[PDB]
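See below for the structure under consideration.
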Amino acid sequence: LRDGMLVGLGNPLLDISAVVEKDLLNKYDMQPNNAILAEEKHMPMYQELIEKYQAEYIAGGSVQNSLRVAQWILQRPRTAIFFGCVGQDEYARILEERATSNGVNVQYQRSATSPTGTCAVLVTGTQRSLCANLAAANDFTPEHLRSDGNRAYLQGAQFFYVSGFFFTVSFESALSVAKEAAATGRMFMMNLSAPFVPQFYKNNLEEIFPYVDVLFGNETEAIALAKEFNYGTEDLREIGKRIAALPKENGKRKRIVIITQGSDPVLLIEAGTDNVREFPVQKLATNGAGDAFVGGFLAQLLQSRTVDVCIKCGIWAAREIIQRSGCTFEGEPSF
Ligand SMILES: Nc1ncnc2c1ncn2[C@@H]1O[C@H](COP(=O)(O)OP(=O)(O)OP(=O)(O)OP(=O)(O)OC[C@H]2O[C@@H](n3cnc4c(N)ncnc43)[C@H](O)[C@@H]2O)[C@@H](O)[C@H]1O
Ligand SMILES: [Cl-]
Ligand SMILES: [Mg+2]
């Protein structure tokens with residue numbers, strides 16, 4: 001292990017989390033059990049959550065969360081580098097301090113014009129509804145990656161991870177990094193992130209897929225992808241196989257597709273096999289479980305462990321995060 005093995009590109013966001021009821025969702029034309037991008041009409045919701053629903057502030061953003069979980073497991077600071085854009089404000093210092101405390105080397109671009117992005121996380125019964133106000137995260141530019149220091153970080157990384165969420169902000173950066181990775185035989189990995197990603201950016205997804213070595217997503221994202229790509233099936237095993245079998249630029253590494261299903265088994269699909277492997281999870285009697293699953297996976301991948309160990313660490317990490325929330329980061333990883 002050495003510094004900067006993993007680079008992640010994403011949207012650093014402060015989560016604003018609260019328990020609410022359906023009338024709040026109806027007020028903002030939100031569905032239960034969904035993730036959306038904020039529009040003008042959503043904007044008053046953030047202050048309302050803070051002022052009237054006693055909302056909690058939690059460091060978030062998908063890729064940021066995953067790198068924080070991976071660092072917590074690694075216990076070796078600076079092993080992962082994070083790129084994304086924040087404001088110059090109090091929200092950015094909350095994100096900076098939490099991610100740096102966990103061991104991430106954060107390399108934030110700074111917007112002086114937008115505030116740090118936030119994500120409403122609304123809890124209603126056992127359902128969650130998310131509304132992401134990207135704001136400064138949308139000010140990310142390819143140029144941030146072209147400084148001398150930042151290009152040395154790209155040149156030195158061995159592994160790359162990008163969320164589908166980041167396509168909203170800079171697909172051009174994600175693709176550029178993916179092509180350089182394939183061309184130098186390094187791993188490029190990404191997450192489907194949310195149903196809106198294949199629904200909104202189908203062609204981007206198609207264009208980047210040849211350079212994807214590992215694709216993560218949940219069952220709902222996999223089905224959403226299957227609709228846009230016209231697979232005519234909702235069978236997750238079949239969908240995984242079709243994605244895994246897509247043309248691949250770096251033919252020397254066979255694509256892996258990993259599909260999480262909440263409390264049901266994690267599914268592993270490898271190109272060139274017709275046999276999907278399952279990793280059962282102990283059904284727990286919460287925020288970013290999928291992100292934590294990826295952090296656990298990446299912590300083992302960086303230590304060259306086999307995929308089955310990467311996935312078991314993912315499941316273990318998600319289950320820790322579900323138990324202890326932010327407190328998990330104060331403990332000692334005992335995987
Ligand atoms: N535009 C945007 N840009 C950037 N970031 C954005 C964004 N919009 C939202 N975000 C970020 O998204 C974060 C929240 O994500 P969440 O919506 O909380 O969920 P996730 O991490 O995406 O979970 P996912 O659905 O993928 O995984 P699954 O349940 O299959 O579960 C995965 C694993 O968890 C474990 N698990 C889950 N449920 C379980 C159960 N019931 N019992 C036991 N284990 C379980 C299992 O091991 C399972 O495989 C927020 O922090 C926010 O900042
Ligand atoms: Cl992200
Ligand atoms: Mg997810």
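Take the range 216-262 and flag every residue that is crowded, with 21+ Cβ neighbours inside 10 Å, under 18 Å from the mean Cα position of the chain (by Cα) and farther than 25 Å from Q282 by Cβ.
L225
For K283, indicate whether it is among the basic types (K, R) and more than 16 Å from ligand 1 (Cβ to nearest atom).
no
Check off (1) of a type outside the set (S, T, N, Q); (2) away from ligand 1 (no atom under 14 Å from the Cβ); (3) in contact with a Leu (Cβ under 7 Å, 6 or more places away or on another chain) for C310 and give me the number that stays unchecked.
(2)
Would you mind finding the one in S66, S129, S111 that is hydroxyl-bearing (S, T, Y) and in the same structural domain as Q31 (by CATH)?
Values: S66 fails: in the same structural domain as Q31 (by CATH); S111 fails: in the same structural domain as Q31 (by CATH).
It is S129.
Considering only the range 127-212, give the strands (runs of 3 or more DSSP E) lying wholly within it that have at least 3 residues that are surrounded by fewer than 22 Cβ atoms within 10 Å (Cβ to Cβ) and away from ligand 2 (no atom under 15 Å from the Cβ).
Here the list reads 127-133.
So which residues in the range 263-284 are part of a loop (DSSP other than H, G, I, E, B) and surrounded by 15 or more Cβ atoms within 10 Å (Cβ to Cβ), if there are any at all?
Residues satisfying the conditions are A271, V276, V281.
Could you check, for the range 96-115, whether at least one of its residues is farther than 18 Å from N11 by Cα and assigned to a helix (DSSP H, G or I)?
yes
Count, please, the residues in the range 18-43 that happen to be surrounded by fewer than 20 Cβ atoms within 10 Å (Cβ to Cβ) and not in a loop (DSSP other than H, G, I, E, B).
The qualifying residues number 13.
Out of everything in the range 232-269 that is over 23 Å from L301 (Cα atoms) and of a type in the set (K, R), what residue ends up being farthest from ligand 2 (Cβ to nearest atom)?
So, considering only residues that are over 23 Å from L301 (Cα atoms) and of a type in the set (K, R), the one farthest from ligand 2 (Cβ to nearest atom) is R237.
Being of a type outside the set (V, I, T) and within 22 Å of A299 (Cβ to Cβ) narrows it down to one of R110, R93, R98, so name that one.
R98
Within the range 324-335, count every residue that is assigned to a helix (DSSP H, G or I) and either acidic (D, E) or buried (at least 21 other Cβ atoms within 10 Å of the Cβ) (or both).
Number satisfying all stated conditions: 1.
Mind counting the residues in the range 289-323 that are closer than 24 Å to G4 by Cβ and assigned to a helix (DSSP H, G or I)?
Summing the residues that are closer than 24 Å to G4 by Cβ and assigned to a helix (DSSP H, G or I) in the range 289-323 gives 18.
Conditions (1) in contact with a helix residue (DSSP H, G or I) (Cβ under 8 Å, 6 or more places away or on another chain); (2) outside the structural domain of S193 (by CATH); (3) of a type in the set (A, V, I, L, M); (4) away from ligand 2 (no atom under 16 Å from the Cβ), marked per residue:
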| residue | (1), (2), (3), (4) |
| --- | --- |
| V19 | yes, yes, yes, yes |
| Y46 | no, yes, no, yes |
| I50 | no, yes, yes, yes |
| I81 | yes, no, yes, no |
| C85 | yes, no, no, no |
| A99 | yes, no, yes, no |
| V106 | yes, no, yes, no |
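Please go through the range 108-123 and give me each residue that is buried (at least 17 other Cβ atoms within 10 Å of the Cβ) and not aliphatic (A, V, I, L, M), ordered by number.
Answer for the range 108-123, where residues must be buried (at least 17 other Cβ atoms within 10 Å of the Cβ) and not aliphatic (A, V, I, L, M): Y108, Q109, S111, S114, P115, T116, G117, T118, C119.
Every residue, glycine among them, receives a Cβ derived from its backbone with ideal geometry; neighbour counts consider all protein chains shown. All of this is worked out from the model, or read from it or from the source named; no laboratory read-out is quoted.
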